[PDB]
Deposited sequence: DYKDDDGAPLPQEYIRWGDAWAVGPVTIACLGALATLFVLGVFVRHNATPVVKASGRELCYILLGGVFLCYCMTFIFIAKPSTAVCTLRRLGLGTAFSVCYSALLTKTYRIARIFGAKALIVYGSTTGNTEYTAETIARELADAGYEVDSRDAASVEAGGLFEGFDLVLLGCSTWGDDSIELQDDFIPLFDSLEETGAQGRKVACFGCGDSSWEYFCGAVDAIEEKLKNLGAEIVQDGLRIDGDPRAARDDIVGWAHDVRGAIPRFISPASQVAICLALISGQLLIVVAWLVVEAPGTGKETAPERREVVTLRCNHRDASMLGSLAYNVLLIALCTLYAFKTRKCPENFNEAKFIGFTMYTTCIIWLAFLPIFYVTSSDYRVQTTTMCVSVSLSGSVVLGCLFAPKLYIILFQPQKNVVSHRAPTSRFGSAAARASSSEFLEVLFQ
């Protein structure tokens, strides 16, 4: 009578041993760039989740009792939640540190502010910003700041007996109300000369109109004297605090925190369910998974939210394109869940079939995380150590 359990137990043991091997390779090479360069704590949380997926088999195969019924209810949702919260936090981290995007609008005649913007654009590019540099002469005011996390306005000072903004910049300055500067993080720069009474008067003028509109001036204006090439060290130095506006780093403790919050969401659903509907029997558990689908809905949200963010952040090259492999993991995950959920529905009337299918789908969900995400990571660590130094 235990024949039906041989196949699922074999998968579960092979899968558990693979997950342990992956953890072993990772912990042995813990300070290595492949393991350190991304969400290290998140990849250990993820492995724990994959280990729990395989272990769920032993709970499905077990004879129903108060303890087994508790474990099943609590575990099915939790196992998945650990995986999909670690994965969502990984893509969320990628989306903040590389998702960030900046816009540079400059007004230049002799190419001085046009050079300042080029060297600023390079420094921001180096900080994982999708930088877009645009001359003011070829800029239309209406909704120009929309979609941008950071906006840098560059302008030289002109006018003989008084201050005057650079020729190309004036229309943009005149219709500044229309760009969407309210609540936007901004910073001004510009080239001028100290032989002139009002050194960089254009910067002061732009800073002040931005202030009235309700813009968030992150840093004080960069006012350069003479040739910008000789003040290059201060330009790049100014770029060090403008890049700071949108965080370029989420701390290891913060990653763990947001991941633990999302897992806690599942816990609260399935613990609250257990206290309302007391676990027990009388062959079968008292409260089936179909009696309350709130645990499943939460994991479907996590999968949906994750797959959205994974696709949006796919082209990121950080940590040997881990973003691409999270993509594959997630596209494969959707396919498993879209194929199995209808099977469970149309098969709900045969318990041994439900149990057996659950052993296959939960383990397959684990195997996909090991195959798409970890196997490529493993191949570099073990067979390409020169690429891991």
Without any C-alpha position in the structure, which residue ranges of the deposited sequence would you list, numbering from 1? 1 to 17, 300 to 311, 419 to 446
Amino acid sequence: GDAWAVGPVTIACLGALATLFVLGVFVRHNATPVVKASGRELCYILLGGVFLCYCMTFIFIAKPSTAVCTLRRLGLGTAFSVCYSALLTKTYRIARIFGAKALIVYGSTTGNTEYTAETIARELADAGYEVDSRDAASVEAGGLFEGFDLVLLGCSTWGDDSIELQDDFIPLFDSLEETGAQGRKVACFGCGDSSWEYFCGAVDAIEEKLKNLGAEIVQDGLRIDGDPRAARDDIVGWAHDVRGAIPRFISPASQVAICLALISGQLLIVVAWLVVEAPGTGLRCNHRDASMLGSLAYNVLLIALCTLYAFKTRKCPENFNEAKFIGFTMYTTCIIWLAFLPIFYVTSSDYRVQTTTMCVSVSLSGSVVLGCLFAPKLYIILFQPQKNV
From here on, numbers count along this sequence of modelled residues.
Would you tell me which stretch averages the higher CA B-factor in the PDB entry, 71 to 79 or 122 to 130? 122 to 130
Given 228 to 236 and 89 to 97, the range whose Cα B-factors average higher in the PDB entry: 228 to 236
In the PDB entry, which of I163, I206, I263, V256 has its C-alpha at the highest B-factor? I163
Temperature factor at the Cα of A3, chain-ranked in thirds, falls in the middle
By the record's CA B-factor, is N299 among the lowest, middle or highest third of residues in the chain? lowest
Going by what the PDB entry lists, where does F344 fall on CA B-factor within its chain: lowest, middle or highest third? lowest
Chain-wide C-alpha B factor ranking for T32, given as lowest, middle or highest third: middle
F199: CA temperature factor from the record, placed by chain third, in the highest
